[PDB]
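As structure tokens, the structure follows; a few thoughts come after it.
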Amino acid sequence: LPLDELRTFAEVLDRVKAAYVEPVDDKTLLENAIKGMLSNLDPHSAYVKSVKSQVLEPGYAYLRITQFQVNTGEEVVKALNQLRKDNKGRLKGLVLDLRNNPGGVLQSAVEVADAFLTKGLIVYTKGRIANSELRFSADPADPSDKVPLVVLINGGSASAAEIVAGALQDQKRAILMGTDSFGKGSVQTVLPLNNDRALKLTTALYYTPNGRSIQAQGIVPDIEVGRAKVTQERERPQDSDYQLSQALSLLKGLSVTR
Amino acid sequence: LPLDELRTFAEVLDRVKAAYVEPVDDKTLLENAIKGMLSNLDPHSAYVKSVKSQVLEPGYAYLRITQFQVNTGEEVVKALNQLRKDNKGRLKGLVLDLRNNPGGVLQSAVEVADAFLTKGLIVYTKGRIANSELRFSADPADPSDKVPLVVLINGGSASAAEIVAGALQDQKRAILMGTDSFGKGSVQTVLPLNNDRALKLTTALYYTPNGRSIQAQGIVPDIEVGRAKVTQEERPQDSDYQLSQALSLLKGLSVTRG
Amino acid sequence: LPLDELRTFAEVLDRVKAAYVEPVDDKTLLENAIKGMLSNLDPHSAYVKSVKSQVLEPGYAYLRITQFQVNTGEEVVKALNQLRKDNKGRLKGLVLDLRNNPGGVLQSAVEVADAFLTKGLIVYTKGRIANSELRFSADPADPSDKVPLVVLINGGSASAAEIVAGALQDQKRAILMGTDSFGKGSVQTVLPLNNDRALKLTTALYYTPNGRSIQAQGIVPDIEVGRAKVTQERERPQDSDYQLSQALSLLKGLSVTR
Amino acid sequence: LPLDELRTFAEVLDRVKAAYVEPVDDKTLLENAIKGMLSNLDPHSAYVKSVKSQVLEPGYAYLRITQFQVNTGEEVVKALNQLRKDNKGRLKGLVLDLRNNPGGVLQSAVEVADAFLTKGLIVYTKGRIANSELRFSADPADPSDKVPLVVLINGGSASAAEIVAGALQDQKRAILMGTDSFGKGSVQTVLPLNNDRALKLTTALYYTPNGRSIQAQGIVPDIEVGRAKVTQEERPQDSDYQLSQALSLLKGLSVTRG
Amino acid sequence: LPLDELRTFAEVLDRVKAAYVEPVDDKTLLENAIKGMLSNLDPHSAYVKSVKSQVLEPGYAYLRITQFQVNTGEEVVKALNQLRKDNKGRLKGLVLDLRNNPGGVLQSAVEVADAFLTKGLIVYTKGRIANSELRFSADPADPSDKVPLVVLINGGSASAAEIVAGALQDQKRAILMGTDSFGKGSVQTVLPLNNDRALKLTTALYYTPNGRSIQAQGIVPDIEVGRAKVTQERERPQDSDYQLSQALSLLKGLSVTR
Amino acid sequence: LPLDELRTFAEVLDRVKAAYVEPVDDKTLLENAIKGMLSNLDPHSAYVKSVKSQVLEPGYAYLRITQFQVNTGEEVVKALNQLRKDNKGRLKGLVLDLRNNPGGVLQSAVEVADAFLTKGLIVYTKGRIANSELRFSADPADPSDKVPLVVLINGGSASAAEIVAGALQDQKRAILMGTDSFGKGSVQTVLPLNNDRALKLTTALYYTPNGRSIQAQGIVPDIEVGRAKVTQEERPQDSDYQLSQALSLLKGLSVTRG
């Protein structure tokens with residue numbers, strides 16, 4: 001209780017209680033002060049097939065994560081094996097379509113990351129409260145079989161998807177190409193109050209294995225690729241998708257070099 | 001200041017000070033509570049020749065209010081008589097162009113309304129502060145000489161212009177034509193505080209003679225006519241759809257009224 | 001017999017009888033003189049569903065007179081009652097489509113006028129001969145039930161239709177909108193001659209109740225509306241017909257005002 | 001003047017003077033009878049270097065008659081010999097462009113025709129006045145040197161030009177190609193009257209050597225070829241369809257004639 | 001054996017035999033010298049329905065020779081009689097489409113020429129060897145019945161077709177219109193050598209009846225007609241074919257003149 | 001000179017001298033035999049700042065060889081160090097633009113190759129003349145500092161440029177990207193003859209370190225990327241498709257190589 005600043009606050013509240021057009025009691029003024037304190041502090045504060053896979057070309061395959069549901073992990077691994085069986089042999093290249101992904105279940109995101117990682121950190125949450133600081137390490141099993149993969153990120157790629165992309169980039173496991181990411185990397189917990197109502201507050205934020213806050217930076221692709229049309233001067237989706245075609249050609253060139 | 005609910009607000013503020021990710025001191029939380037109490041209460045709260053006239057057709061004339069300045073009233077009357085001299089006789093119809101009129105001097109607004117009204121109320125403010133409750137009644141002189149007129153109002157006409165239009169409509173003096181209006185009919189007083197800072201608070205709001213709040217209702221035209229451009233296959237009605245509609249309505253009204 | 005001017009005429013006729021390329025007797029020269037005297041004097045001198053009605057919108061109906069036949073009168077009244085039954089109630093507005101109407105039976109025109117008029121003059125013929133000066137007065141029965149109506153006139157609106165429109169305008173019963181009218185308001189009677197052939201001559205002309213000659217003035221609409229296209233900047237025929245849509249909107253505004 | 005039928009005409013004129021709507025005196029009726037007797041009898045009755053030549057191709061030349069002036073004849077002959085000098089030898093074919101030729105001096109027309117004819121009639125007028133009947137016979141000199149020629153005639157070629165074309169066609173001297181002609185082949189003499197006013201009357205009309213009246217028949221080309229523009233994928237045949245057709249016809253005619 | 005020039009040749013051959021990158025024996029050098037001597041001397045040296053006829057318009061018919069096969073002659077005569085039977089009477093005009101004709105059997109070409117010629121030379125071959133100088137004269141039978149015909153030649157008209165066109169032009173029997181011809185008018189005979197291989201050499205060239213070498217001049221049409229589009233300013237193939245339409249109109253005009 | 005086969009060649013030449021249509025003397029036949037022996041044997045036989053560099057992105061640079069002049073080598077090295085100074089550190093990737101490079105000084109070519117190679121062969125010529133067989137081995141200094149580079153080759157890159165590219169490819173030093181090359185890898189020496197005239201003969205041809213003849217094989221890029229223009233919806237990769245592909249390949253290669 002600062003009391004002096006509380007005196008200033010109560011004086012402003014009394015002036016409003018006296019002058020406003022429609023009469024307002026103390027309770028509604030207090031509630032509006034609370035709601036606006038939260039709105040001014042933090043915007044997030046208050047008071048269906050998941051996975052689709054396809055072998056786009058012989059040796060090169062495409063895996064898209066529409067959303068992060070609970071089944072998503074098992075489904076991505078199922079898709080990995082399915083693509084390996086479709087190519088009738090080991091894969092030369094893979095594309096992770098994580099663009100247009102709002103986010104979803106954090107555990108499902110971490111297991112999707114685990115399908116590509118054999119060791120190291122994946123994501124860790126930092127905040128100032130007893131049970132916020134969390135960490136997630138990769139298990140020594142990757143169903144990807146070390147396949148070279150390029151991850152696609154758009155503006156509409158946030159939360160869980162951003163975590164996956166960041167983990168894949170910091171482990172130097174994937175090539176991120178596309179535009180920048182949303183940058184939504186904060187966790188909201190509902191805290192209880194003595195009065196019979198509770199408040200939702202961002203209590204911590206996500207951090208990639210390197211240590212860069214997802215919320216501030218976002219995820220910057222290693223190669224920036226905006227939408228564009230190519231003009232020659234000399235199913236199959238890449239004929240219509242610019243970013244997918246670019247990722248495919250990059251994987252092709254990488255395979256040829258390697 | 002009821003301390004008992006102050007307990008609830010302090011408890012909530014302390015819980016927020018404890019849980020948020022990046023630490024914030026008591027001062028910023030109190031200041032944000034103030035700013036949001038005002039913001040959540042009221043969005044407006046914080047902490048060129050005026051008239052141009054023309055006789056469109058023999059018997060039918062057009063009066064435009066670009067803005068509400070002090071001269072406006074005199075000029076409007078100067079225009080009225082002038083149009084009577086232009087037609088060399090009494091007018092069969094008149095069009096009040098109040099579209100694209102943000103507002104202006106309130107006294108000029110009541111003067112413009114009073115040039116058409118011989119009795120009754122024009123506009124009245126209701127509020128809870130000591131010296132806000134005021135009223136405006138028409139004087140028994142109308143330089144309009146009882147001419148039938150159509151008033152045109154669009155979205156970009158607010159405050160004073162809405163006061164004029166509402167007065168003309170509720171007094172059954174004019175027929176309003178066009179789209180709905182802005183609906184800005186509130187007065188903000190700057191109130192001083194013990195500390196060397198002040199708060200802007202709406203202290204009263206305007207009401208049309210019927211009793212309809214301009215701020216909530218707005219002024220709804222009797223005839224809805226959206227903006228359009230006509231192309232034949234100076235004379236502004238030949239190019240302006242809304243003005244042409246009002247002119248033709250006045251002509252037909254005059255013919256029936258024989 | 002002027003005889004001196006007859007001498008001049010006969011001298012010219014003899015010169016022509018002598019000089020022309022192909023020989024011509026006195027009779028053909030006389031006949032050509034007659035035919036050209038008539039052509040030079042007056043151009044008119046010498047020597048199928050009628051009615052369609054529809055309720056275009058709830059409360060507002062449209063009645064078109066393609067042509068003036070004998071049945072036309074009964075048909076317009078039949079249509080009036082039919083439109084009243086279609087709306088399941090009294091009508092708010094009516095449109096008389098008299099455009100593209102060459103004319104027709106005068107009595108049918110006067111009865112069509114009688115469906116809207118309860119008293120007063122309708123049309124009167126004036127000429128200089130025993131039985132030309134005629135008058136037509138409205139009977140005290142109007143099946144229109146005083147419905148407000150707008151009449152549409154084009155360039156191709158003449159004779160009977162022009163009479164109807166003029167009567168409706170001079171009685172201040174309808175609003176005439178559109179372009180100007182044809183202006184054909186003369187009656188041709190065949191007169192008998194001593195020789196076994198007869199001549200058709202305009203013997204009189206029509207006059208509206210006010211007294212304006214239909215032949216000279218034509219019918220000027222109270223509102224002039226040429227064909228045009230409207231461009232918004234925000235069956236059902238009026239969506240395609242400009243004049244009909246204008247008449248509909250005028251009737252709508254009149255109903256709202258009234 | 002046979003008074004017995006003058007009775008009929010006077011009776012008719014008096015009946016007209018009696019019946020017409022607006023009164024007209026005897027003088028205007030008599031004057032209109034005169035004007036219409038002439039108008040109904042005959043529509044024409046009431047009360048720049050001339051030649052340019054060029055050799056289109058080796059052996060084939062083009063002679064254009066813009067208008068029929070006095071110099072035209074001499075110039076045409078001057079052109080003929082000149083073309084012979086241009087080709088350095090006798091011509092294989094010649095094109096007479098008589099299109100867009102209103103007419104002109106009749107003597108120049110018979111001269112132009114005579115430059116191609118060695119015997120026979122050229123044109124003769126028939127009428128009933130004393131000194132109109134004239135004839136024109138060709139002199140036994142043709143500077144054309146018997147060259148085969150095609151004459152081009154369109155609608156805008158009348159009188160003198162038609163006289164030339166008709167003479168050339170009926171004498172089987174030229175092949176006419178194009179559309180039909182105007183057909184204006186009549187001569188108007190101004191005749192004086194006892195009163196100080198005169199009348200224009202056609203006193204005779206032209207006839208081609210066959211005997212066909214130019215005024216009624218016109219001159220119909222042996223080959224119909226409408227106007228057109230050709231675009232390859234100076235030389236006027238490269239741009240003019242009718243001239244190109246005539247040139248190709250002359251070339252083929254020359255080849256067959258070997 | 002010049003021997004001195006043979007010494008120069010053998011010295012050059014020895015220099016090449018010594019210096020070239022890949023070793024070459026005397027035989028391959030000799031063979032290359034031979035092949036290049038032939039290539040440098042003369043390019044031609046080394047070391048399915050035929051006829052379609054149709055009556056395009058009443059009186060005017062069209063005969064196209066796609067190629068010169070053995071049956072071609074009988075087929076053209078068969079077509080002549082067929083067209084005569086189709087028109088149910090003698091023909092007014094005929095078009096020989098010889099354009100886009102590489103050539104073919106010389107005897108078939110000469111018989112096709114014989115279908116139009118009653119006497120005179122058709123084509124003769126000139127060269128310097130015992131049995132090269134040949135001549136071909138027309139037999140006194142022409143199934144064409146002297147019908148006037150126009151022959152069409154394009155750039156792709158060579159050898160046999162060029163011979164036919166040239167014969168028809170030099171006899172002044174047909175009108176050749178179109179663009180210039182290919183100009184391929186040489187005969188290649190294979191000559192035997194002591195060694196077990198032989199050489200093909202142009203031994204003579206064709207000449208038209210006039211004496212102009214087909215190989216050098218080509219066949220120049222009497223009327224030049226490139227592809228073009230006509231624009232009026234006023235099955236049936238000529239509506240789509242410019243050259244065919246021109247030939248048709250020329251035949252029409254020729255028939256009218258004759 | 002083996003006279004026995006000289007018999008065959010003389011016999012053939014005499015038969016040709018006897019059979020050809022227009023007579024040709026022995027001299028022209030011998031001269032043509034010479035010219036064609038050279039022409040049939042070998043088609044080539046008969047009888048501006050060089051380097052421009054730029055750092056495209058932080059860590060990635062671009063070096064263009066317009067032409068191979070004497071300064072080129074020095075300039076290339078001057079450019080290499082300069083780019084190292086521009087990036088203020090070692091480069092992550094480099095692009096060698098050898099497209100549109102006809103060739104130039106061979107020593108400058110081996111210098112340009114030597115700026116990237118520390119050991120091994122660069123290019124060697126094979127022929128049969130005395131002093132053609134030469135070899136070029138790399139010196140143990142590479143100013144490239146082992147930077148990974150992609151070389152771009154199109155069709156319009158020949159000789160020296162192909163030598164550089166082939167050396168870089170066979171030494172597994174660079175990844176070649178683009179279309180195939182011209183393939184002009186032969187050296188022509190002018191040889192003198194006893195008579196005062198000389199012959200141009202290819203005396204040797206180039207070979208890449210692998211042993212592949214540049215003239216026959218050409219240099220085939222490891223990655224095929226045709227020319228195209230990209231349009232976003234200075235920086236040349238933003239406009240050049242092939243350069244952008246090489247840049248993205250280098251970036252991905254650098255990321256994987258961590």
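Residue numbers start at 1 in each chain; chains themselves are named A, B, ... in the order of the structure tokens; ligands are numbered from 1 in the order shown.
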
Step one, run DSSP on the backbone; step two, keep only residues of stretch 29-248 of chain B assigned to alpha helix (DSSP H); then write them as a PyMOL selection string. chain B and resi 29-41+72-86+106-114+160-170+214-217+241-248

Which residues are near stretch 116-128 of chain A? Cut-off 7 Å, only C-alpha atoms, ignore same chain within fewer than 4 positions. Put them as an MDAnalysis selection string. (chainID A and resid 110 132:144 163 167 203:209) or (chainID B and resid 19 21)

Would you mind exporting C-alpha atoms of the selected residues as a tab-separated table (two decimals), in the first residue's frame?
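Result went into again.tsv, see below:
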chain	number	residue	atom	x	y	z
A	110	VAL	CA	7.78	-30.42	-28.39
A	132	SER	CA	7.23	-21.11	-14.42
A	133	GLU	CA	10.86	-21.86	-15.32
A	134	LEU	CA	10.56	-24.98	-17.50
A	135	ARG	CA	12.85	-26.74	-19.96
A	136	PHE	CA	12.36	-29.33	-22.71
A	137	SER	CA	15.18	-31.55	-23.97
A	138	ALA	CA	15.17	-33.75	-27.05
A	139	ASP	CA	15.06	-37.53	-26.64
A	140	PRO	CA	17.64	-39.65	-28.49
A	141	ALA	CA	15.09	-40.87	-31.06
A	142	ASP	CA	14.46	-39.03	-34.33
A	143	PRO	CA	12.11	-40.73	-36.83
A	144	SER	CA	13.36	-38.22	-39.41
A	163	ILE	CA	8.73	-22.84	-30.91
A	167	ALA	CA	14.23	-25.23	-31.93
A	203	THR	CA	3.25	-15.26	-16.26
A	204	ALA	CA	6.25	-16.24	-18.41
A	205	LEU	CA	7.55	-16.33	-21.96
A	206	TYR	CA	9.05	-18.93	-24.26
A	207	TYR	CA	12.73	-18.97	-25.18
A	208	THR	CA	14.45	-20.94	-27.93
A	209	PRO	CA	17.47	-23.15	-27.17
B	19	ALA	CA	2.77	-12.56	-11.18
B	21	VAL	CA	6.69	-11.62	-16.18

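Note that the spacing between atom CA of residue B:76 and atom CA of residue B:50 amounts to 8.7 Å.
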
May I have a table of the residues of chain E lying at most 6 Å from chain D, giving each one's closest pair of atoms and their distance in Å to one decimal, counting only C-alpha atoms, ordered by chain and ascending residue number, as a Markdown table?
| residue | atom | partner | partner_atom | distance |
| --- | --- | --- | --- | --- |
| E:228 | CA | D:232 | CA | 4.8 |
| E:229 | CA | D:231 | CA | 5.7 |
| E:230 | CA | D:230 | CA | 4.7 |
| E:231 | CA | D:228 | CA | 5.2 |
| E:232 | CA | D:228 | CA | 4.3 |
| E:233 | CA | D:228 | CA | 5.2 |
| E:234 | CA | D:227 | CA | 6.0 |
| E:250 | CA | D:249 | CA | 5.9 |

Find the residues around stretch 137-148 of chain F up to 9 Å (only C-alpha atoms counted), leave out those fewer than 6 positions away in its own chain, and share them as a PDB file with N, CA and C atoms, in the first residue's frame.
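around_5.pdb was written with the following content:
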ATOM      1  N   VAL F  77      42.199 -11.036 -57.817  1.00  0.00           N
ATOM      2  CA  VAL F  77      42.779 -11.120 -56.487  1.00  0.00           C
ATOM      3  C   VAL F  77      42.519  -9.827 -55.734  1.00  0.00           C
ATOM      4  N   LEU F  80      39.114 -10.162 -54.480  1.00  0.00           N
ATOM      5  CA  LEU F  80      38.930 -11.127 -53.399  1.00  0.00           C
ATOM      6  C   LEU F  80      39.227 -10.495 -52.047  1.00  0.00           C
ATOM      7  N   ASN F  81      40.451  -9.994 -51.877  1.00  0.00           N
ATOM      8  CA  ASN F  81      40.810  -9.336 -50.628  1.00  0.00           C
ATOM      9  C   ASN F  81      39.838  -8.211 -50.311  1.00  0.00           C
ATOM     10  N   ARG F  90      35.790 -13.312 -42.751  1.00  0.00           N
ATOM     11  CA  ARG F  90      35.744 -14.383 -43.733  1.00  0.00           C
ATOM     12  C   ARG F  90      34.343 -14.503 -44.318  1.00  0.00           C
ATOM     13  N   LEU F  91      34.280 -14.940 -45.568  1.00  0.00           N
ATOM     14  CA  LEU F  91      33.025 -15.011 -46.297  1.00  0.00           C
ATOM     15  C   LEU F  91      32.346 -16.351 -46.058  1.00  0.00           C
ATOM     16  N   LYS F  92      31.014 -16.324 -45.985  1.00  0.00           N
ATOM     17  CA  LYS F  92      30.250 -17.561 -45.873  1.00  0.00           C
ATOM     18  C   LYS F  92      30.010 -18.194 -47.236  1.00  0.00           C
ATOM     19  N   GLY F  93      29.978 -17.385 -48.294  1.00  0.00           N
ATOM     20  CA  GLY F  93      29.781 -17.889 -49.638  1.00  0.00           C
ATOM     21  C   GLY F  93      30.128 -16.878 -50.713  1.00  0.00           C
ATOM     22  N   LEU F  94      30.494 -17.379 -51.888  1.00  0.00           N
ATOM     23  CA  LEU F  94      30.900 -16.535 -52.999  1.00  0.00           C
ATOM     24  C   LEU F  94      30.281 -17.078 -54.277  1.00  0.00           C
ATOM     25  N   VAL F  95      29.944 -16.178 -55.196  1.00  0.00           N
ATOM     26  CA  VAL F  95      29.377 -16.571 -56.484  1.00  0.00           C
ATOM     27  C   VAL F  95      30.297 -16.084 -57.593  1.00  0.00           C
ATOM     28  N   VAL F 110      44.134 -19.293 -66.268  1.00  0.00           N
ATOM     29  CA  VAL F 110      44.776 -20.157 -65.279  1.00  0.00           C
ATOM     30  C   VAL F 110      45.050 -19.374 -64.005  1.00  0.00           C
ATOM     31  N   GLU F 111      45.233 -18.055 -64.111  1.00  0.00           N
ATOM     32  CA  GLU F 111      45.400 -17.246 -62.910  1.00  0.00           C
ATOM     33  C   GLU F 111      44.105 -17.188 -62.112  1.00  0.00           C
ATOM     34  N   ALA F 113      41.649 -19.371 -62.172  1.00  0.00           N
ATOM     35  CA  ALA F 113      41.469 -20.676 -61.551  1.00  0.00           C
ATOM     36  C   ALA F 113      42.417 -20.852 -60.372  1.00  0.00           C
ATOM     37  N   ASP F 114      43.652 -20.372 -60.504  1.00  0.00           N
ATOM     38  CA  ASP F 114      44.658 -20.569 -59.470  1.00  0.00           C
ATOM     39  C   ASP F 114      44.358 -19.782 -58.200  1.00  0.00           C
ATOM     40  N   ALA F 115      43.549 -18.724 -58.294  1.00  0.00           N
ATOM     41  CA  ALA F 115      43.132 -17.980 -57.112  1.00  0.00           C
ATOM     42  C   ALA F 115      42.204 -18.786 -56.217  1.00  0.00           C
ATOM     43  N   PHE F 116      41.760 -19.961 -56.665  1.00  0.00           N
ATOM     44  CA  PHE F 116      40.867 -20.816 -55.903  1.00  0.00           C
ATOM     45  C   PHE F 116      41.441 -22.194 -55.618  1.00  0.00           C
ATOM     46  N   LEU F 117      42.558 -22.565 -56.240  1.00  0.00           N
ATOM     47  CA  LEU F 117      43.122 -23.903 -56.139  1.00  0.00           C
ATOM     48  C   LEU F 117      44.499 -23.866 -55.498  1.00  0.00           C
ATOM     49  N   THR F 118      44.756 -24.865 -54.656  1.00  0.00           N
ATOM     50  CA  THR F 118      46.019 -25.011 -53.955  1.00  0.00           C
ATOM     51  C   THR F 118      46.873 -26.148 -54.495  1.00  0.00           C
ATOM     52  N   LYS F 119      46.308 -27.033 -55.307  1.00  0.00           N
ATOM     53  CA  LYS F 119      47.060 -28.151 -55.858  1.00  0.00           C
ATOM     54  C   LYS F 119      46.276 -28.726 -57.025  1.00  0.00           C
ATOM     55  N   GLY F 120      46.952 -29.563 -57.805  1.00  0.00           N
ATOM     56  CA  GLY F 120      46.306 -30.261 -58.894  1.00  0.00           C
ATOM     57  C   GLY F 120      46.433 -29.547 -60.224  1.00  0.00           C
ATOM     58  N   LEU F 121      45.924 -30.223 -61.249  1.00  0.00           N
ATOM     59  CA  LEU F 121      45.949 -29.734 -62.617  1.00  0.00           C
ATOM     60  C   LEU F 121      44.830 -28.716 -62.833  1.00  0.00           C
ATOM     61  N   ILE F 122      45.026 -27.832 -63.808  1.00  0.00           N
ATOM     62  CA  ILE F 122      44.041 -26.815 -64.163  1.00  0.00           C
ATOM     63  C   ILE F 122      43.485 -27.043 -65.566  1.00  0.00           C
ATOM     64  N   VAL F 123      44.366 -27.165 -66.559  1.00  0.00           N
ATOM     65  CA  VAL F 123      43.955 -27.413 -67.937  1.00  0.00           C
ATOM     66  C   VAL F 123      45.167 -27.914 -68.706  1.00  0.00           C
ATOM     67  N   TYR F 124      44.921 -28.764 -69.704  1.00  0.00           N
ATOM     68  CA  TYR F 124      46.027 -29.248 -70.520  1.00  0.00           C
ATOM     69  C   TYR F 124      45.569 -29.457 -71.955  1.00  0.00           C
ATOM     70  N   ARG F 173      36.064 -28.192 -56.371  1.00  0.00           N
ATOM     71  CA  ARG F 173      36.268 -26.938 -55.665  1.00  0.00           C
ATOM     72  C   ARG F 173      35.033 -26.051 -55.669  1.00  0.00           C
ATOM     73  N   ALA F 174      34.227 -26.114 -56.724  1.00  0.00           N
ATOM     74  CA  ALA F 174      33.046 -25.276 -56.843  1.00  0.00           C
ATOM     75  C   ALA F 174      31.878 -26.119 -57.329  1.00  0.00           C
ATOM     76  N   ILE F 175      30.676 -25.616 -57.078  1.00  0.00           N
ATOM     77  CA  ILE F 175      29.449 -26.212 -57.588  1.00  0.00           C
ATOM     78  C   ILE F 175      28.977 -25.354 -58.749  1.00  0.00           C
ATOM     79  N   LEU F 250      24.065 -21.269 -51.256  1.00  0.00           N
ATOM     80  CA  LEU F 250      25.207 -21.013 -50.385  1.00  0.00           C
ATOM     81  C   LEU F 250      24.768 -20.809 -48.942  1.00  0.00           C
ATOM     82  N   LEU F 253      23.751 -24.181 -47.530  1.00  0.00           N
ATOM     83  CA  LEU F 253      24.969 -24.958 -47.352  1.00  0.00           C
ATOM     84  C   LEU F 253      25.716 -24.518 -46.101  1.00  0.00           C
ATOM     85  N   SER F 254      25.794 -23.204 -45.869  1.00  0.00           N
ATOM     86  CA  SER F 254      26.466 -22.693 -44.680  1.00  0.00           C
ATOM     87  C   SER F 254      25.736 -23.106 -43.409  1.00  0.00           C
TER      88      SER F 254
END

If DSSP is run on the backbone, what residues of stretch 6-253 of chain A are strand (DSSP E)? A reply as a ChimeraX atom specification would be ideal. /A:51-57,60-65,93-97,121-127,134-137,149-153,174-178,186-191,199-207,223-224,228-232

Quick one: pull the distance between atom CA of residue E:9 and atom CA of residue F:191, Å, one decimal.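 Separation between atom CA of residue E:9 and atom CA of residue F:191: 14.7 Å.
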
Can you pull out the residues contacting stretch 146-154 of chain C? Cut-off 6 Å, using only C-alpha atoms, and skip same-chain residues under 4 positions away; I want them as a ChimeraX atom specification. /C:93-99,174-179,181

Restricted to N, CA and C atoms, what would the selected residues look like written as a PDB file, in the first residue's frame?
ATOM      1  N   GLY C  93     -48.284   3.838 -53.807  1.00  0.00           N
ATOM      2  CA  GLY C  93     -47.878   4.587 -54.979  1.00  0.00           C
ATOM      3  C   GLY C  93     -48.053   3.827 -56.278  1.00  0.00           C
ATOM      4  N   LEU C  94     -48.232   4.570 -57.368  1.00  0.00           N
ATOM      5  CA  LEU C  94     -48.483   3.991 -58.678  1.00  0.00           C
ATOM      6  C   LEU C  94     -47.683   4.743 -59.732  1.00  0.00           C
ATOM      7  N   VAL C  95     -47.239   4.017 -60.755  1.00  0.00           N
ATOM      8  CA  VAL C  95     -46.510   4.613 -61.872  1.00  0.00           C
ATOM      9  C   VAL C  95     -47.279   4.348 -63.159  1.00  0.00           C
ATOM     10  N   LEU C  96     -47.644   5.413 -63.873  1.00  0.00           N
ATOM     11  CA  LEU C  96     -48.256   5.295 -65.194  1.00  0.00           C
ATOM     12  C   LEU C  96     -47.181   5.397 -66.264  1.00  0.00           C
ATOM     13  N   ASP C  97     -46.908   4.277 -66.929  1.00  0.00           N
ATOM     14  CA  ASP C  97     -45.978   4.242 -68.052  1.00  0.00           C
ATOM     15  C   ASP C  97     -46.765   4.555 -69.319  1.00  0.00           C
ATOM     16  N   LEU C  98     -46.740   5.828 -69.712  1.00  0.00           N
ATOM     17  CA  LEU C  98     -47.353   6.295 -70.943  1.00  0.00           C
ATOM     18  C   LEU C  98     -46.322   6.589 -72.021  1.00  0.00           C
ATOM     19  N   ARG C  99     -45.060   6.256 -71.782  1.00  0.00           N
ATOM     20  CA  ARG C  99     -44.044   6.501 -72.784  1.00  0.00           C
ATOM     21  C   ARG C  99     -44.109   5.432 -73.866  1.00  0.00           C
ATOM     22  N   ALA C 174     -51.105  14.062 -60.824  1.00  0.00           N
ATOM     23  CA  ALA C 174     -49.949  13.206 -61.022  1.00  0.00           C
ATOM     24  C   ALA C 174     -48.687  14.044 -61.172  1.00  0.00           C
ATOM     25  N   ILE C 175     -47.552  13.385 -60.975  1.00  0.00           N
ATOM     26  CA  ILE C 175     -46.244  13.978 -61.203  1.00  0.00           C
ATOM     27  C   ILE C 175     -45.737  13.448 -62.533  1.00  0.00           C
ATOM     28  N   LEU C 176     -45.505  14.331 -63.496  1.00  0.00           N
ATOM     29  CA  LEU C 176     -45.001  13.901 -64.794  1.00  0.00           C
ATOM     30  C   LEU C 176     -43.481  13.983 -64.783  1.00  0.00           C
ATOM     31  N   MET C 177     -42.821  12.847 -64.971  1.00  0.00           N
ATOM     32  CA  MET C 177     -41.370  12.859 -65.083  1.00  0.00           C
ATOM     33  C   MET C 177     -40.883  12.072 -66.292  1.00  0.00           C
ATOM     34  N   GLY C 178     -39.770  12.528 -66.854  1.00  0.00           N
ATOM     35  CA  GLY C 178     -39.220  11.961 -68.068  1.00  0.00           C
ATOM     36  C   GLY C 178     -38.722  13.062 -68.978  1.00  0.00           C
ATOM     37  N   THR C 179     -38.693  12.811 -70.278  1.00  0.00           N
ATOM     38  CA  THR C 179     -38.353  13.841 -71.243  1.00  0.00           C
ATOM     39  C   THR C 179     -39.637  14.437 -71.820  1.00  0.00           C
ATOM     40  N   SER C 181     -42.566  15.471 -74.660  1.00  0.00           N
ATOM     41  CA  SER C 181     -43.460  14.617 -75.427  1.00  0.00           C
ATOM     42  C   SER C 181     -43.395  14.959 -76.909  1.00  0.00           C
TER      43      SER C 181
END
